[PDB]
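Heads up, the thing below is written out as structure tokens.
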Amino acid sequence: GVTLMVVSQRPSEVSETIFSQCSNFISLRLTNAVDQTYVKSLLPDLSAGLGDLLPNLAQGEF
Amino acid sequence: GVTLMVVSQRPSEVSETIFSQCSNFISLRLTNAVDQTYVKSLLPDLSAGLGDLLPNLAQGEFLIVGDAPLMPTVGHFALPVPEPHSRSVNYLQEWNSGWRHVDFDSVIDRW
Amino acid sequence: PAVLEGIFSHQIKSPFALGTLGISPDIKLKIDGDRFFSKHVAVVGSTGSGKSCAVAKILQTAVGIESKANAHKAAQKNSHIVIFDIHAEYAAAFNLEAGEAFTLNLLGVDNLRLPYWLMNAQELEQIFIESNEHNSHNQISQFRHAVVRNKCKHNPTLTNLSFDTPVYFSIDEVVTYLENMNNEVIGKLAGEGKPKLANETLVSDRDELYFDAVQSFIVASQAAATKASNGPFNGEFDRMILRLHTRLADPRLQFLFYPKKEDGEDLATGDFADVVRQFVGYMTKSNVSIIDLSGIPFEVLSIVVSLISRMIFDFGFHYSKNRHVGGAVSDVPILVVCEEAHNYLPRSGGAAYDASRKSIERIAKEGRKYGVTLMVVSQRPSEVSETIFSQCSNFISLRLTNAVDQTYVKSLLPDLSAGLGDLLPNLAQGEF
Amino acid sequence: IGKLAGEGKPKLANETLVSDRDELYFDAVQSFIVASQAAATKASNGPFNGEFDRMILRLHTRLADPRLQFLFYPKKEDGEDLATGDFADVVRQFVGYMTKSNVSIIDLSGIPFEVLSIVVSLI
Amino acid sequence: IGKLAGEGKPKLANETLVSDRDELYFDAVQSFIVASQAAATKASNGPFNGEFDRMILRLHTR
Ligand SMILES: Nc1ncnc2c1ncn2[C@@H]1O[C@H](COP(=O)(O)OP(=O)(O)OP(=O)(O)O)[C@@H](O)[C@H]1O
Ligand SMILES: [Mg+2]
């Protein structure tokens, strides 16, 4: 009976050993590219058709 | 609080491990094709859309990309002040002169 | 055409003519030489393409020649050039008529002076010695020891000497020393642990005696009456002594081992200067110097090329420094020409073709600052050390047919639009 | 080294045995007896006798070069060698007074082409 | 090694000096007196003591 909830805006600095356990994921606009690469290296259901919206996202969308 | 300002004119020989960490990018006239290819490969926004512009850039014109600006964009610099100089030799001039004399001994003294 | 003229003639800083256009021969082509000569250059092509007959044109234009008519007869202007020729081809171009008064230095196997006491260790080990041996270590150690002893003796005033300090030292004396060591015999009596001579005398310092002449050691007999044993370095130097006796006996190397001056006397330390001004032209006041290598053996080419390039770089350095003390720069610029680079500048080789590379590599990098520039020539760039070609700025090319070279080149040249990489094989003879 | 009873120590040309080198060798060079099979005065060669010549030569060579005095014989304004109590004055010729924004330039044309990467990594 | 006078060698636990290693060691193992700092029994370790452990373990293992 215990959970977690991580937050960050510079994930490239965070440890992967932990992100390798979360099940559901959320995301908003990402401009830098290093992140984008790190991210796309992890997520389980990222079709290429979705890997392009990340920098094109408006204000308030997710 | 430590950051870099890498410069070069022939990237394909540099360790990609580094170019894979810079956020903003700037470029100018780039004729060779291998470099165009490498660059294009690095960046999606710089797809065939604009990469076709590089070899036709004037002098004092640049192309910028990254998170800092508002959008991919082109620019035109102005001359800086004071300019940098190198103080090198001019063969063609020193040769239309006469013929010189030398004190070889003096030189050997240092040698 | 008027436009083309107004462009290619009247919009440039330091006009240097090069020729004409491939379209309109009633037009000329001019460029900025201040950048063309002040940096490193490269030329390539294939056989029958017309390279040498273009290099020669360039140089003739540089020193101010046209139609076998020296324009600067009254005044010899400033220009300093050194050429590494092999096939002995360029002596004809500059061989003007006495009525034109174009002095020219010219060397190569019989009027050359380039002794053996100007080297470092590597070169000496390469010349005098091989390394197919177990006890090579102690042999070489004795060699170096004797060398240093001979230097110290012949030049006592100084200190801090090694196996590399360039100063007079004899060789026959070294050989004599080694022979006496290889015939040595030590006494083994009470108070006789020392070389025993035929006159039954004990030697104090080998270095004091050995170098003059040979001696007469007694039998190495453990008989108590004359208990003596053979020198610890006896009968272990045959191969080396033999190879040396051979080398020195060779008659194709008297320009090196026994380089006599015009007087007919042997060279010494006080002549280290005159050795140089010939490589430059300040002995006869000629703007040019040529080095013929055809009439030279097959083993010792790189050594020479390294020695020479080294002694040029050093002059440039020191003179520019003395001149800069005055708040200025060198007014004695220098140009060097290296042909058939694929021979003594291989892309990949053993130790044989090692030295040259360094002595040249250096120039490629630093020369531009001290007034020393290169000009490379070849037809097989794919066999040259990329390290060097990487450094040149302006390039020239002629007809190319092979493909491995087309590719290797296109990998480098900056302004190579795709529309031109296809011309090369379809180039005429005399077009560039 | 000696090869007789009670002679399991390096032997000196003065016919003396060495106790410990960590105190002796750094002082200067020393003379050694001859390697003889004489049972009365016997001697042999150490394990590193005739194996360190080239390594020694390279150093005797480099140390002479004047183009490297800034690296082997650096001297202070007083004209003295550096010690372990000036580590900071070094750094400060790159940074120079945290406040009052500073600029630092380096010129590598003069340095040879064999130590460049080293210099860079150090800084 | 005994740090005493004229004893710059190893000293057996039974207080005997070492002349030729190559004649003794191969035969079997040997025990030496302690490296006691006592001026009477002054002695330090060897130059190679406490380094050949895993390289000696692997062998008996194989
Ligand atoms: N401007 C020119 N017009 C026509 N022909 C020329 C011109 N210049 C040179 N040639 C011809 O080129 C030939 C000389 O070729 P060259 O010796 O330069 O070849 P190369 O580069 O030395 O080839 P390789 O090194 O393989 O011998 C001459 O026979 C000459 O007829
Ligand atoms: Mg030719």
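All residue names refer to the structure tokens as shown: chains lettered A, B, ... in order, residues numbered from 1 in each chain, ligands numbered from 1 in order.
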
For this session: Within 10 Å of residue D:10, counting only C-alpha atoms, which residues show up once you throw out same-chain ones fewer than 6 positions away? Write them as a PyMOL selection string, please.
Result: chain D and resi 1-3+16-21+32-33+43-46

Next, the residues of the selection above should be written as an mmCIF file, in the first residue's frame with N, CA and C atoms.
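Saved the output as selection_10.cif:
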```
data_model
loop_
_atom_site.group_PDB
_atom_site.id
_atom_site.type_symbol
_atom_site.label_atom_id
_atom_site.label_comp_id
_atom_site.auth_asym_id
_atom_site.auth_seq_id
_atom_site.Cartn_x
_atom_site.Cartn_y
_atom_site.Cartn_z
ATOM 1 N N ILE D 1 75.866 -6.768 -7.417
ATOM 2 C CA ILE D 1 75.556 -7.399 -6.140
ATOM 3 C C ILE D 1 76.594 -8.466 -5.827
ATOM 4 N N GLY D 2 76.919 -8.607 -4.542
ATOM 5 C CA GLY D 2 77.833 -9.647 -4.118
ATOM 6 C C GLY D 2 77.194 -11.022 -4.144
ATOM 7 N N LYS D 3 78.048 -12.047 -4.215
ATOM 8 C CA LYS D 3 77.596 -13.430 -4.326
ATOM 9 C C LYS D 3 78.336 -14.336 -3.351
ATOM 10 N N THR D 16 81.980 -2.330 -0.460
ATOM 11 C CA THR D 16 81.035 -2.122 0.626
ATOM 12 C C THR D 16 79.649 -2.538 0.163
ATOM 13 N N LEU D 17 78.865 -3.053 1.101
ATOM 14 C CA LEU D 17 77.524 -3.538 0.820
ATOM 15 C C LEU D 17 76.492 -2.477 1.170
ATOM 16 N N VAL D 18 75.416 -2.458 0.400
ATOM 17 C CA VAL D 18 74.366 -1.459 0.547
ATOM 18 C C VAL D 18 73.282 -2.004 1.463
ATOM 19 N N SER D 19 72.777 -1.141 2.341
ATOM 20 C CA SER D 19 71.726 -1.509 3.283
ATOM 21 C C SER D 19 70.357 -1.194 2.689
ATOM 22 N N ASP D 20 70.141 0.062 2.303
ATOM 23 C CA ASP D 20 68.884 0.470 1.700
ATOM 24 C C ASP D 20 69.162 1.598 0.723
ATOM 25 N N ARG D 21 68.485 1.547 -0.420
ATOM 26 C CA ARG D 21 68.729 2.493 -1.498
ATOM 27 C C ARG D 21 67.833 3.715 -1.404
ATOM 28 N N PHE D 32 80.190 0.629 -8.717
ATOM 29 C CA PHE D 32 79.920 -0.753 -8.357
ATOM 30 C C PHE D 32 81.075 -1.646 -8.787
ATOM 31 N N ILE D 33 81.309 -2.707 -8.014
ATOM 32 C CA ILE D 33 82.399 -3.636 -8.295
ATOM 33 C C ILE D 33 82.118 -4.355 -9.605
ATOM 34 N N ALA D 43 80.628 -11.471 -7.936
ATOM 35 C CA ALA D 43 79.600 -10.454 -8.094
ATOM 36 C C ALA D 43 78.787 -10.745 -9.346
ATOM 37 N N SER D 44 77.568 -10.208 -9.365
ATOM 38 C CA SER D 44 76.636 -10.409 -10.463
ATOM 39 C C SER D 44 75.857 -9.123 -10.696
ATOM 40 N N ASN D 45 74.988 -9.158 -11.700
ATOM 41 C CA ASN D 45 74.237 -7.994 -12.144
ATOM 42 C C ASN D 45 72.819 -8.049 -11.595
ATOM 43 N N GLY D 46 72.288 -6.885 -11.232
ATOM 44 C CA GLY D 46 70.924 -6.785 -10.781
ATOM 45 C C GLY D 46 69.945 -7.160 -11.873
#
```

Exercise. Neighbours of residue A:30 within 10 Å (only C-alpha atoms; same-chain residues fewer than 2 positions away dropped), as a PyMOL selection string?
Worked result: (chain A and resi 9+27-28+32-36+53-57) or (chain B and resi 67)

Exercise. Residues at most 12 Å from ligand 2, using only C-alpha atoms and all ligand atoms? Could they come as a count of residues only?
Worked result: 25

Exercise. Please, which residues of stretch 305-389 of chain C, numbered as in this document, come out strand (DSSP E) from DSSP, as a VMD selection string?
Worked result: chain C and resid 334 to 338 372 to 373 375 to 377

Dump as an mmCIF file, in the first residue's frame, selection limited to N, CA, C and O atoms:
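Once written, part-v2.cif looks like this:
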```cif
data_model
loop_
_atom_site.group_PDB
_atom_site.id
_atom_site.type_symbol
_atom_site.label_atom_id
_atom_site.label_comp_id
_atom_site.auth_asym_id
_atom_site.auth_seq_id
_atom_site.Cartn_x
_atom_site.Cartn_y
_atom_site.Cartn_z
ATOM 1 N N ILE C 334 60.405 31.718 -47.463
ATOM 2 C CA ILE C 334 60.997 30.517 -48.037
ATOM 3 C C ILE C 334 59.905 29.579 -48.527
ATOM 4 O O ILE C 334 58.881 29.386 -47.859
ATOM 5 N N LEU C 335 60.158 28.955 -49.677
ATOM 6 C CA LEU C 335 59.249 27.981 -50.257
ATOM 7 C C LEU C 335 59.989 26.680 -50.521
ATOM 8 O O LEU C 335 61.150 26.684 -50.946
ATOM 9 N N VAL C 336 59.302 25.571 -50.276
ATOM 10 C CA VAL C 336 59.866 24.238 -50.414
ATOM 11 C C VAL C 336 58.983 23.444 -51.362
ATOM 12 O O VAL C 336 57.767 23.644 -51.413
ATOM 13 N N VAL C 337 59.594 22.535 -52.114
ATOM 14 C CA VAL C 337 58.875 21.748 -53.106
ATOM 15 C C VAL C 337 59.223 20.281 -52.918
ATOM 16 O O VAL C 337 60.399 19.898 -53.018
ATOM 17 N N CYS C 338 58.195 19.464 -52.686
ATOM 18 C CA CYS C 338 58.343 18.037 -52.434
ATOM 19 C C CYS C 338 57.552 17.274 -53.485
ATOM 20 O O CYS C 338 56.318 17.368 -53.533
ATOM 21 N N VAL C 372 57.903 29.836 -43.739
ATOM 22 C CA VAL C 372 58.288 28.583 -44.376
ATOM 23 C C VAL C 372 57.025 27.942 -44.924
ATOM 24 O O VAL C 372 56.130 27.582 -44.152
ATOM 25 N N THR C 373 56.949 27.779 -46.243
ATOM 26 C CA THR C 373 55.768 27.188 -46.850
ATOM 27 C C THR C 373 56.146 26.015 -47.740
ATOM 28 O O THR C 373 57.281 25.896 -48.210
ATOM 29 N N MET C 375 55.003 23.018 -50.896
ATOM 30 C CA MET C 375 54.244 22.712 -52.099
ATOM 31 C C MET C 375 54.418 21.229 -52.373
ATOM 32 O O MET C 375 55.528 20.770 -52.673
ATOM 33 N N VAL C 376 53.323 20.503 -52.281
ATOM 34 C CA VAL C 376 53.301 19.061 -52.453
ATOM 35 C C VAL C 376 52.927 18.752 -53.889
ATOM 36 O O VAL C 376 52.112 19.448 -54.504
ATOM 37 N N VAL C 377 53.506 17.685 -54.427
ATOM 38 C CA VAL C 377 53.137 17.184 -55.744
ATOM 39 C C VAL C 377 52.989 15.675 -55.661
ATOM 40 O O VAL C 377 53.728 15.008 -54.929
#
```

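Separating atom CA of residue C:96 from atom 6 (C, counted along the ligand's line) of ligand 1 is a distance of 20.9 Å.
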
For this session: For chain E, list the residues within 12 Å of chain D, counting only C-alpha atoms, and write the list as a VMD selection string.
Result: chain E and resid 1 to 10 17 to 21

Exercise. Within 7 Å of residue B:12, counting only C-alpha atoms, which residues qualify if same-chain residues fewer than 2 places away don't, as a list in words?
Worked result: residues 10, 14, 35 and 38 of chain B

Problem set entry | Selected residue of minimal separation from chain C among D:22, D:65, D:81, D:27, counting only C-alpha atoms |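 Checking each of D:22, D:65, D:81, D:27 against chain C, counting only C-alpha atoms, the winner is D:65.
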
For this session: Using DSSP on the backbone coordinates, identify all residues within chain E classified as helix (DSSP H, G or I); present the result as a PyMOL selection string.
Result: chain E and resi 21-27+54-61

Just the selected residues (N, CA and C atoms), exported as an mmCIF file, in the first residue's frame, please.
```
data_model
loop_
_atom_site.group_PDB
_atom_site.id
_atom_site.type_symbol
_atom_site.label_atom_id
_atom_site.label_comp_id
_atom_site.auth_asym_id
_atom_site.auth_seq_id
_atom_site.Cartn_x
_atom_site.Cartn_y
_atom_site.Cartn_z
ATOM 1 N N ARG E 21 66.625 -17.511 -2.765
ATOM 2 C CA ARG E 21 65.198 -17.806 -2.834
ATOM 3 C C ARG E 21 64.935 -18.989 -3.755
ATOM 4 N N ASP E 22 65.504 -18.954 -4.961
ATOM 5 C CA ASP E 22 65.202 -19.953 -5.977
ATOM 6 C C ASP E 22 65.517 -21.372 -5.528
ATOM 7 N N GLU E 23 66.274 -21.545 -4.447
ATOM 8 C CA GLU E 23 66.562 -22.871 -3.923
ATOM 9 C C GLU E 23 65.593 -23.300 -2.832
ATOM 10 N N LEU E 24 64.862 -22.357 -2.241
ATOM 11 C CA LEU E 24 63.976 -22.624 -1.117
ATOM 12 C C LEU E 24 62.503 -22.584 -1.489
ATOM 13 N N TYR E 25 62.054 -21.490 -2.104
ATOM 14 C CA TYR E 25 60.624 -21.223 -2.203
ATOM 15 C C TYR E 25 59.885 -22.363 -2.893
ATOM 16 N N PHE E 26 60.345 -22.761 -4.081
ATOM 17 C CA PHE E 26 59.650 -23.805 -4.828
ATOM 18 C C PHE E 26 59.409 -25.037 -3.966
ATOM 19 N N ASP E 27 60.373 -25.379 -3.109
ATOM 20 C CA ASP E 27 60.248 -26.577 -2.286
ATOM 21 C C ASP E 27 58.933 -26.585 -1.513
ATOM 22 N N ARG E 54 43.811 -12.867 -4.923
ATOM 23 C CA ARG E 54 42.871 -13.407 -5.898
ATOM 24 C C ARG E 54 43.608 -14.180 -6.983
ATOM 25 N N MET E 55 44.799 -13.712 -7.357
ATOM 26 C CA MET E 55 45.619 -14.436 -8.316
ATOM 27 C C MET E 55 46.089 -15.772 -7.764
ATOM 28 N N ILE E 56 46.075 -15.942 -6.442
ATOM 29 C CA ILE E 56 46.399 -17.230 -5.843
ATOM 30 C C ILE E 56 45.135 -18.034 -5.574
ATOM 31 N N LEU E 57 43.991 -17.366 -5.445
ATOM 32 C CA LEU E 57 42.724 -18.057 -5.251
ATOM 33 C C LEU E 57 42.275 -18.732 -6.539
ATOM 34 N N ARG E 58 42.258 -17.974 -7.639
ATOM 35 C CA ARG E 58 41.831 -18.505 -8.928
ATOM 36 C C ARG E 58 42.547 -19.803 -9.269
ATOM 37 N N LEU E 59 43.834 -19.890 -8.941
ATOM 38 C CA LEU E 59 44.615 -21.045 -9.360
ATOM 39 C C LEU E 59 44.143 -22.298 -8.639
ATOM 40 N N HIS E 60 44.239 -22.303 -7.309
ATOM 41 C CA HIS E 60 43.713 -23.416 -6.531
ATOM 42 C C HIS E 60 42.253 -23.698 -6.861
ATOM 43 N N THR E 61 41.516 -22.690 -7.331
ATOM 44 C CA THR E 61 40.141 -22.921 -7.761
ATOM 45 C C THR E 61 40.103 -23.789 -9.010
#
```

Exercise. Quick one: distance from atom CA of residue C:344 to atom CA of residue C:302 in Å, one decimal?
Worked result: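 Result for atom CA of residue C:344 versus atom CA of residue C:302: 6.4 Å, one decimal.
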
Exercise. Distance atom CA of residue C:106-atom 2 (C, counted along the ligand's line) of ligand 1, one decimal place?
Worked result: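 The value is 27.0 Å.
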
Exercise. Got a sec: who's within 10 Å of residue C:269, counting only C-alpha atoms, leaving out chain neighbours fewer than 3 positions off, as a PyMOL selection string?
Worked result: chain C and resi 117+155+166-169+272-273

Problem set entry | Residue neighbourhood residue C:383, 10 Å, only C-alpha atoms, exclusion window fewer than 5 positions, as a PyMOL selection string | chain C and resi 341-343+345-348+378+405

Exercise. Which neighbours of stretch 329-333 of chain C fall inside 10 Å, counting only C-alpha atoms, when residues of the same chain fewer than 6 positions from it are skipped, and could you give them as number ranges by chain?
Worked result: B: 87-95, 97, 99-102; C: 37-38, 78-81, 316-317, 319-323, 368-373

Please produce a file of the residues just selected, as a tab-separated table (two decimals), in the first residue's frame, where the atoms kept are C-alpha atoms.
```tsv
chain	number	residue	atom	x	y	z
B	87	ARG	CA	49.75	40.03	-38.50
B	88	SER	CA	51.03	37.49	-41.00
B	89	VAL	CA	53.64	37.67	-43.76
B	90	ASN	CA	53.14	38.77	-47.38
B	91	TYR	CA	55.36	36.72	-49.69
B	92	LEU	CA	54.33	38.49	-52.89
B	93	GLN	CA	55.49	41.86	-51.53
B	94	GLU	CA	58.76	40.84	-49.86
B	95	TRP	CA	59.73	39.29	-53.21
B	97	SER	CA	61.86	43.97	-53.14
B	99	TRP	CA	67.94	41.06	-52.26
B	100	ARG	CA	68.97	41.08	-48.63
B	101	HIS	CA	72.04	40.46	-46.52
B	102	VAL	CA	72.35	38.43	-43.34
C	37	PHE	CA	51.85	31.59	-51.33
C	38	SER	CA	51.48	32.42	-47.63
C	78	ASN	CA	64.07	38.50	-53.10
C	79	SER	CA	62.88	34.95	-53.61
C	80	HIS	CA	64.04	31.78	-51.88
C	81	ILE	CA	63.09	28.35	-53.14
C	316	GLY	CA	63.67	30.33	-40.08
C	317	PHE	CA	62.79	30.16	-36.40
C	319	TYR	CA	66.05	34.54	-37.71
C	320	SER	CA	62.38	35.45	-37.30
C	321	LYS	CA	63.01	35.67	-33.56
C	322	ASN	CA	66.01	37.99	-33.85
C	323	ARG	CA	63.96	40.09	-36.28
C	368	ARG	CA	53.18	29.43	-41.71
C	369	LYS	CA	54.22	31.58	-38.74
C	370	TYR	CA	57.99	31.71	-39.32
C	371	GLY	CA	58.07	32.15	-43.10
C	372	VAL	CA	58.29	28.58	-44.38
C	373	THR	CA	55.77	27.19	-46.85
```
